[PDB]
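# how would this look folded up:
(2 chains, ligands or ions: 7)
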Amino acid sequence: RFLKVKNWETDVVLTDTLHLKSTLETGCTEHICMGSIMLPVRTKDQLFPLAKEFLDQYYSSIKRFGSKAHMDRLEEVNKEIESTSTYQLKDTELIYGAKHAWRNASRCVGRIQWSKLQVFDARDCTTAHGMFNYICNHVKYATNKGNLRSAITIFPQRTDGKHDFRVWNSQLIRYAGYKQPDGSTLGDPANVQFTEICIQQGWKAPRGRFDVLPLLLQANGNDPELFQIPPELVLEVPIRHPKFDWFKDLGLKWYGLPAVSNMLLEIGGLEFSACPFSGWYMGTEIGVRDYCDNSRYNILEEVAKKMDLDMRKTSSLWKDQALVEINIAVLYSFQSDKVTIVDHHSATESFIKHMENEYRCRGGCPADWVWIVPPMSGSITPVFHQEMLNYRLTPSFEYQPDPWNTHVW
Amino acid sequence: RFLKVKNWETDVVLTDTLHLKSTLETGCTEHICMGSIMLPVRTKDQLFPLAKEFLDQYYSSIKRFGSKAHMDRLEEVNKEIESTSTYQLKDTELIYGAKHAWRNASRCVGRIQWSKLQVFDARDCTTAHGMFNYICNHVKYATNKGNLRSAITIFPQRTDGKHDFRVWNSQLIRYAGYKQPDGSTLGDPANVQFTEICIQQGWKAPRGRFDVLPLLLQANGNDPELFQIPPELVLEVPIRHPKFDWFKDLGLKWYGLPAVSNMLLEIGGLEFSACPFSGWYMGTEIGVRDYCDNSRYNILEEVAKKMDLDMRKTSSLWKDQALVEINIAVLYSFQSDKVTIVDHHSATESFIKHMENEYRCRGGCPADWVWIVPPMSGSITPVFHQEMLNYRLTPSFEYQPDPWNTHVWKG
Ligand code: HEM
Ligand code: HEM
Ligand SMILES: Cc1cc(N)nc(C[C@H]2CNC[C@@H]2NCCNCc2cccc(Cl)c2)c1
Ligand SMILES: Cc1cc(N)nc(C[C@H]2CNC[C@@H]2NCCNCc2cccc(Cl)c2)c1
Ligand SMILES: C[C@H](O)[C@H](O)[C@H]1CNc2nc(N)[nH]c(=O)c2N1
Ligand SMILES: C[C@H](O)[C@H](O)[C@H]1CNc2nc(N)[nH]c(=O)c2N1
Ligand SMILES: [Zn+2]
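Numbering: from 1, shown residues only, chains lettered A, B, ... in the order given. Ligands and ions are numbered 1, 2, ... in the order given. Okay, here it is:
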């Protein structure tokens, strides 16, 4: 009932009480832990409870719990739900809600930043064009000439499931993927299928290796339309090493704005199916996963051949040597072009400070260890030795079916 | 009920039916996951069912389930339990059990070697000196002049819990730790407390950076006794780098045999409180954890200075760079001295193969991702991209409180 988490590097212990407000399920049982499984319409009766829970905590946060203002709103919404069968969040509730869905993102290591989120209320949007306008502005605001700023743009909430707003891209910015005759894959393998639906819809693919994919926006349930983010708005960084001049010849570049666009924001029972949100990269995301993942740009072998390493035997640890370089480059290039980026050492350290704050100010902090520990140098970052408790709190960011596997054209 | 796991690097999907035999708890609930949590005397009453389940698996393994031998055994064991309150395993069952405890160790990446296990039956042992001889023979056999062999020595099972046999050391071989009055620590910090106990028990500590600790053995619930392992039996490997000739001057070395001695082996309800077991290392255990954990030898800074990396800012990834070289050095030194060891690429690759085989032939392979994933380069090893199901089966290796916290001294 009162759990305690220990850090085996500093012996420090924190007591978690926040997990007791855990609403949703985890996918685990007393017999089986699914901690490493990537992915373990509402009704009026279902909705008022969700709303009440949200509203109670919202008023609690502003120190007006059980006040008239609180009750008043609690009834206003209640009546609205009974009459309309859904409801609208007040601007204040929308912000609090979005900031808190991030606060609860148990897989996000950079939450120490959670309170500083620019929310763009896009609920008055009605068309794919209006969606394109908002997103552009979003990109521009957050990119901010390289000095990145966290932001999220929130489109209308779901109603009957047939008028859903959705951004089809997994991220606002991503390179395309084409399966060539060579049997090989050109570009980013992760987006092969998407890059095809763009062609299937009209895109004029430059069939290059780093073509910024086009936005496929879906409004009010209609069919998605295509748009090409203004090139001047997509800030990119060419990748070079601070010692290996031959590096630049790999012709590697990556975009500065990480912006997740396929998730579903849930606040007080309400569902926001289109809510792109962005921050800034942690070195490893690009250098370790995007570049080295075997099923992504898989550049290890190449960077190895160029380093003149004994790739004859695994035990020489050449992959480990290449990996550290590739990641030194990323952090290097970005810091040079003055684009925001944080390294895995500094990021994990910040998350530790954040965890203590959350434990002593909120009573805990849900955290998914499998995701928090960077994909490289694991045990040399503090979070490796930090025990974590994982539970689901709402408001939240949830996953949702890729739209193409559901859209009734 | 079937459960499926997917590999996100190869899109391979496996189905688990084995978890359906999982009895013990996990620490998790539908509301909370404790996957990253380190550590979440029986009655005649609760013993026979446990004895029964075990013998059923045993007999099925030899394809004699329901045979006359099987039923008589079950009847024999029942009788023995009603009569003595416990029961003795047959040599064949003890060996089957130990192998399966290993096979079921979800935190072990080396499980592909599970069937090749040398089981030493030390159930006839009665004193600490008796234990010392046994442990010495295991160390010699297991070391095999550098060509390591997996082995486990099994002493008498617990009876009334007042006569436990325990090996106080956490590992058969390990360096001492000394706390200095100036706050710093000499040797391995992880063993400072245990070292104090040894000194207190009469150990003349040579106070060096790499002093092999003495064995503190407890037999039949009596007070533990000290023994020094024959130096000529402790295979050690001095650490040097292939390209850096200054590495050797760092003064590092490490013992060649990893042998966990503080776990409890549970087979068919019976509890084996003293059951040392050993195999061979994966580079990273020494190179990443033992050497680089801040709470261990913490050698990252000194290895950084010598290589002259930009240590002013973390983004130069100096710490990451040094690390690779330190692990390269550990692997290198062991291969040069012909002492068995395996790198993490090689070890995880084999586990995936082992794991797959276990699904096809067993219906599952319980695995703890948090522990299976190596402490460095996680994503460039196939296990990182592999979903895993963690659950408990017996026979099994469990944790038990350190004996100094529970032992009732006799003076
Ligand atoms: C500004 C600094 C930020 C940093 C350094 C950061 C870093 C990270 C990292 C390392 C991950 C794992 C990424 C992966 O492996 O796919 C992650 C995931 C996530 N982050 Fe953050 N983040 C930041 C901002 C944000 C913002 C502004 C939000 C939301 C408002 C957010 C929401 C999440 C969520 C929901 C996940 C999990 C999404 C998924 O499954 O891919 N993050 N973050
Ligand atoms: C053949 C060589 C072997 C290799 C390379 C291998 C490797 C490993 C590694 C890397 C770990 C995690 C180490 C740590 O962080 O503490 C581990 C844990 C473990 N291994 Fe193995 N293993 C081997 C043999 C064995 C044997 C022979 C047994 C049992 C008969 C065994 C039982 C276990 C168990 C029970 C754990 C968990 C230890 C704990 O939870 O404290 N291993 N193994
Ligand atoms: C705001 C933000 C900031 C920041 N720094 N990083 C992120 C993370 C996103 C950008 N880098 C990768 C991740 N998006 C991909 C998440 N999906 C992972 C995945 C892979 C296969 C299947 C599934 Cl279901 C999910 C988001
Ligand atoms: C047979 C075997 C083979 C092999 N290759 N490796 C091991 C693993 C042991 C040798 N490397 C470290 C580990 N020791 C036991 C792990 N316990 C860690 C610990 C420390 C402090 C507190 C806790 Cl709770 C746990 C065992
Ligand atoms: C199979 C396993 O769940 C999967 O590879 C996870 C592991 N940890 C991760 N951690 C982060 N941050 N991001 C990921 O995409 C993953 N993938
Ligand atoms: C707190 C956290 O669970 C702890 O640091 C774990 C993580 N994974 C590990 N994995 C292995 N193999 N060995 C360990 O000692 C640990 N420590
Ligand atoms: Zn779990």
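
# what's the burial count for residue A:155?
When neighbours are defined as other C-beta atoms under 10 Å in any protein chain shown, residue A:155 has 29 of them. C-betas here are computed from N, CA, C, even on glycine.

# got a list of what it touches?
Shown in contact with residue A:155 (C-beta atoms under 8 Å, 6 or more residues apart in numbering or on different chains): A:122-123, A:125, A:131, A:134, A:165, A:219, A:272-275.

# Please list the residues of chain A that sit near ligand 6.
Within chain A, the positions adjacent to ligand 6 are A:8, A:384-387 by C-beta under 6 Å from any ligand atom.

# re earlier: now, the contacts of residue A:155 that are in strands?
Those of the contacts of residue A:155 mapping onto strands are residue A:272, per DSSP state E.

# could I get the contacts of residue A:155 as TSV with distance to ligand 5 and neighbour count?
Supplementary listing: the contacts of residue A:155 in TSV, determined by distance: C-beta to the nearest ligand atom, whole Å; neighbours: other C-beta atoms under 10 Å in any protein chain shown:
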residue	distance to ligand 5	neighbour count
A:122	28	23
A:123	31	16
A:125	30	22
A:131	27	28
A:134	28	21
A:165	26	27
A:219	29	23
A:272	23	27
A:273	22	22
A:274	22	29
A:275	20	28
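
# Tell me which two in the contacts of residue A:155 are the farthest apart.
A:134 and A:273 (14.6 Å; C-beta to C-beta).

# What residue in chain A comes nearest to ligand 5?
When distances are taken as C-beta to the nearest ligand atom, chain A reaches nearest to ligand 5 at residue A:371, 3.8 Å away.

# circling back: kindly indicate which of the contacts of residue A:155 lies nearest ligand 6.
residue A:275 (32.6 Å).

# count of residues packed around the spatially closest residue to that closest one that is not a sequence neighbour?
The shortest distance from residue A:275 to any non-neighbouring residue, by C-beta to C-beta, 6 or more residues apart in numbering or on different chains, is to residue A:265 (4.2 Å). The tally of other residues near residue A:265 (other C-beta under 10 Å) stands at 25.

# from memory residue A:217 sits against residue A:225, does it?
Yes: between residue A:217 and residue A:225 there is a contact under C-beta atoms under 8 Å: 5.9 Å.

# So for those two, which residue has more residues nearby?
residue A:217 (27 against 18).

# I'd like the distance between the more buried one and residue A:184.
Relative to residue A:184, residue A:217 is positioned 31 Å away (C-beta to C-beta, to the nearest Å).

# Same check on residue A:372?
Separation of residue A:372 from residue A:184 (C-beta to C-beta): 34 Å.

# Can you show me the helices along the stretch 101-250 of chain A?
A:128-143, A:192-199 (DSSP state H, counting those that start in this stretch).

# Could you verify that residue A:359 is part of a helix?
Yes: counting by DSSP: H, G, I helix; E, B strand; the rest coil, residue A:359 falls inside a helix.

# and the gap between it and ligand 1?
20 Å (C-beta to the nearest ligand atom, to the nearest Å).

# contacts for stretch A:340-354?
A:7, A:109-112, A:146-148, A:256, A:280-284, A:330-331, A:334-335, A:365, A:367, A:372-374, A:376-377, A:380-383, A:386, B:314-315, B:317, B:319.

# are any of these buried, and which?
For those, a burial check counting by 16 or more other C-beta atoms under 10 Å in any protein chain shown picks out A:7, A:109-112, A:148, A:256, A:280-284, A:330-331, A:334-335, A:365, A:367, A:372-374, A:376-377, A:380-383, A:386, B:314-315, B:317, B:319.

# No further queries at this time; thank you.
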